[PDB]
Amino acid sequence: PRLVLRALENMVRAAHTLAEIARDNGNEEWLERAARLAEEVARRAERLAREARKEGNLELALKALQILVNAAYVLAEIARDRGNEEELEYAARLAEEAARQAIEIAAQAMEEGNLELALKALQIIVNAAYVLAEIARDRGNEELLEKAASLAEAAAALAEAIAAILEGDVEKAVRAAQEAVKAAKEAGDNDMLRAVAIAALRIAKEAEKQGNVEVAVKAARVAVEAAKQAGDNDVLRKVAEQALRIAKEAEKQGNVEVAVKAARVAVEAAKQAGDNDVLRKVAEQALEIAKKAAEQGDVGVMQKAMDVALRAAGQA
Amino acid sequence: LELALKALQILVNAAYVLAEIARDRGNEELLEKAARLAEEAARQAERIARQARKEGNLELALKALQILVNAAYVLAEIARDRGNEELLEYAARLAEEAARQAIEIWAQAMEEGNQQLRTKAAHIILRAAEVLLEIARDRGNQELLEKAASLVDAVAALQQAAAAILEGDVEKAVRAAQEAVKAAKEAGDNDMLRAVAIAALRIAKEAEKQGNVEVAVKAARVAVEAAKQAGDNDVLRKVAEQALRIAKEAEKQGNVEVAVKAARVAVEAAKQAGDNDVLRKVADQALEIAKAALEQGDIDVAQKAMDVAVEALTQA
Amino acid sequence: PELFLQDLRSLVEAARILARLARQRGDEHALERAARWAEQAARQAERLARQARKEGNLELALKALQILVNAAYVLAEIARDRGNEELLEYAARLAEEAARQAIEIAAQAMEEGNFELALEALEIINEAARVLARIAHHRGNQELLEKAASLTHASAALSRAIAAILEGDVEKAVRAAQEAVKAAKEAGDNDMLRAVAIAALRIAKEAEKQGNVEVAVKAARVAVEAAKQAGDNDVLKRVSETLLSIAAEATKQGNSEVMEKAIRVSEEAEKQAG
């Protein structure tokens, strides 16, 4: 493992120097050798990343992704001065595939609650995005600048939100996440939005410990904003389970108004998935919320609990 | 705080790139957002930086300094291209406040001998001064640049002196310190006089073991210069104890001339102090030094020693 | 002395920053002082590096070489503006020597098969060329650029060859060695060729360990090529011996033709050793 990564990295150093030295002279063969090396490094690194995905060492994987980013920088540095779009297209395809792989790593890390790996992966996304941004300006594709910008902004907004989880200001974390989903949505990549949704799941999973069910519902409102673009049923089911957990805690806290609103988000998500088992479990708990609102004597909240439970039942 | 620090360290990279993208687009809304985020990153980092002064983990503190010093780079880059002197001044004032905080690390690490902190703090000063350089680069405000110049010149000597304390060449240590005080005094070092001053006492402790009290007193002549420029207060209480130790050794060595120079320094300092008990202890020894000079038959030296005794005792 | 490198590097950074401010101020006395700050670090670091060879901690040694590389960068950064070639000549001779001493460290590490240290030493070799090349860009001799580039080119191939051995494909390693010897032919340094021959011996030992004696013959054939171009008799002995080891393994596999080839090449290596 270690040796191979170091050797690839230092081969990228060599290619970087070879291109640096060549541009002072106009040695075309030094550029040709460098380009071939960087391509072979990328090709080997892709295999390495796929194998590492099976081996389960996420750190070796994300280090290979940083190596791929550095190699993409060397490819771009040659290609943009050489004046060729095809080499930039290969680099863009490599970079987007790497971004997808990074999103999958980030999803696993953020589901597991390894914020360390999450931050690392997000920084990898920022660096990858920076290569895409430098490509996109000089190639002439403002939408590819939008992809790069949103990728970098969203990744760093998630990192900021992670810092805010660690400081404990879940509202400020949600404020950052709201801007994150907006930024991601402005380019429109569902795969990044899958990572964003899983970050919102992390926020919700931590908020269950704190007991601020109102801010937890706002985090779920971010979660569905992303998940309603991405449409993966298991992500939506995880969102629904968190929303029901939040609703159950709001019942125990006696905040039946927040419980009804938690159900209102729960059904919003569950309606996208159409899973009958979820929708019946949701509607059943929504009648438990209506029973608790009646036991608290909150007439209008019980009328709303009825309305939400009924709309939930109306999907299955 | 390991994660939250790591996130802040990451965050700057995206903010920078986002500014580059926004500047390439001419998108002022993104530049404004990036400026606000960059400022907020400092406003977050300040929390750890002021808290660590209570909690005593200087390694976390110098990481927070590294975060601030790195983070300032984005504010500078945005603000110079935007032509915004208010933000440039905000960044420069933030860097000065950070320098006020950085002395805490530098002095404490030098005094305790936890030099693994000192190396990082010195590099942090270098980066901070370089940040002042790149704030100032196109602006031409030499008045700010005097800070960068004097600090980095002082660091070069201070770093050499810090090595010389481990190496034991007290003449090399003084050859450095002679320049260090010149810069400090020309600038108005403020608290950085402390970071000059503590080195002379730390040198003297070993210089007693080396027996070259003459060079130790050459260092003490700097120590009182820095003290007297500063108003170093209770640090004089350390100074006087070491001066009395130096004098007692100079008596064992029979070097009543160097003993009298040491006393002449000691009274100069104690006259600023006004600590009456210290002045009593100084006057008590000043008679003994005159007595040693009488025992040597060095009556001009005994005269000077008793002139010092009177000059001290007359403050009572 | 773990602080010493950290502080040495701080002086290199301080001289660099002083020189920026000095260039805003047009100050040749500051450029003198900055050069002196850097030179004080460089002279002491040269002694440290030469000394560490005796002490045998190669990690600390190559970490000290990093000081020389970064110092040489700052010295070029001054001298290219300052218009003095003597300082560039000092820095160039120092850097060329530092690369040569790095190659000596690398040869020791690769003979032991400490590929970890080998990659770290090769990393210094890869970077040291960058500084030499930035100097040559100002001095105008394209020959220095060619040398520097070729120096990276050979060490890059060695880095790849290590990766192929760690992946376990000795034929990919032999292919990489065939690239490495061509890169060394472009470079024209006997000490780089010794590093190549030492690697080719270690590759041949791996191919024997796998029983792929045919690939071992290719590896040794490159080894003797490199050694024959370089003129190192003690390498040629070690190679000729190793080729009889290959002939013995080929005999264990019953392959009389590969055994005969291994003897013929062992005999060539002996004939060159004299």
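Residues numbered from 1 in each chain as written, not as in the entry; some residues may be left out. Chains lettered and ligands numbered in written order. Part of a larger assembly, values for the part shown. Heavy atoms only, no water. Residues with missing side-chain atoms left out of burial classes, pairs and counts.

cryo-EM is the method the PDB entry lists for this structure, together with a resolution of 4.30 Å.

(A) Region of interest: the overall build of chain A. The helix and strand tally for chain A stands at 13 helices and 0 strands. When the helices and strands of chain A are read in sequence order from the N terminus, they spell out α-α-α-α-α-α-α-α-α-α-α-α-α. Reported as C-alpha extents along the three principal axes, the dimensions of chain A are approximately 85 × 40 × 35 Å. A fraction of 39% describes how many contacts in chain A between residues 6 or more apart in sequence connect residues 24 or more apart. (Helix = DSSP H or I, 4+ residues; strand = E, 2+ residues; numbered from the N terminus. Contact = heavy atoms within 4.5 Å.)

(B) Up close: the overall build of chain C. For chain C, the helix and strand inventory stands at 11 helices and 0 strands. Mapped from its N terminus to its C terminus, chain C presents α and β elements in the order α-α-α-α-α-α-α-α-α-α-α. Dimensions of chain C along its principal axes, counting C-alpha atoms only, are 80 × 40 × 35 Å.

(C) Structural view of the packing of helix 5 (residues 115-139) of chain C against helix 6 (residues 142-167) of chain C. Residues and elements named next belong to chain C. For the pair helix 5 and helix 6, interaxial distance at closest approach is 9 Å and the crossing angle is 170°. When the axes of helix 5 and helix 6 are compared, the pair comes out roughly antiparallel. When you trace helix 5 past helix 6, the crossing you get is left-handed. Taking contact as the criterion, the partners of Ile-125, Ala-129, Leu-132, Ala-133 and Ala-136 in helix 5 are, on helix 6, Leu-144, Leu-145, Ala-148 and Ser-155. (Axes fitted to C-alpha atoms, helices over the stretch in contact; angles between N-to-C directions. Parallel < 35°, antiparallel > 145°, perpendicular 65-115°, else oblique. Left-handed = near helix turned anticlockwise from the far one by under 90°.)

(D) Representation of the packing of helix 8 (residues 190-209) of chain C against helix 9 (residues 213-230) of chain C. Residue and element names in this part refer to chain C. Between helix 8 and helix 9, the shortest axis-to-axis distance is 8 Å and the interhelical angle comes to 165°. Put simply, helix 8 runs roughly antiparallel to helix 9. Judged by the twist between their axes, the crossing of helix 8 over helix 9 is left-handed. Here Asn-190, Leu-193, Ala-197, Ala-200, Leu-201, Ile-203, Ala-204, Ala-207 and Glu-208 of helix 8 come into contact with helix 9, specifically with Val-213, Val-215, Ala-216, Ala-219, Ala-220, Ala-223, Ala-226 and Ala-230.

(E) Just helix 10 (residues 233-252) of chain C, in detail. An ideal rise of 1.5 Å per residue puts 28 Å on 20 residues; helix 10 of chain C measures up with 29 Å between its terminal C-alpha atoms. Directly beyond the C-terminal end of helix 10 of chain C, a positive phi value near 75° is found at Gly254(C). (Expected span 1.5 Å × (residues − 1).)

(F) Broad picture of unusual backbone geometry. Residue and element names in this part refer to chain B. You will see that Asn-190, though not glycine, has its phi angle at about 50°, which is positive. Inspection of the secondary structure assignment puts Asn-190 in the loop between helix 7 (170-187) and helix 8 (192-210). The phi torsion at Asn-233 lies on the positive side, around 55°, for a residue other than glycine. Secondary-structure assignment places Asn-233 in the loop between helix 9 (213-230) and helix 10 (235-252).

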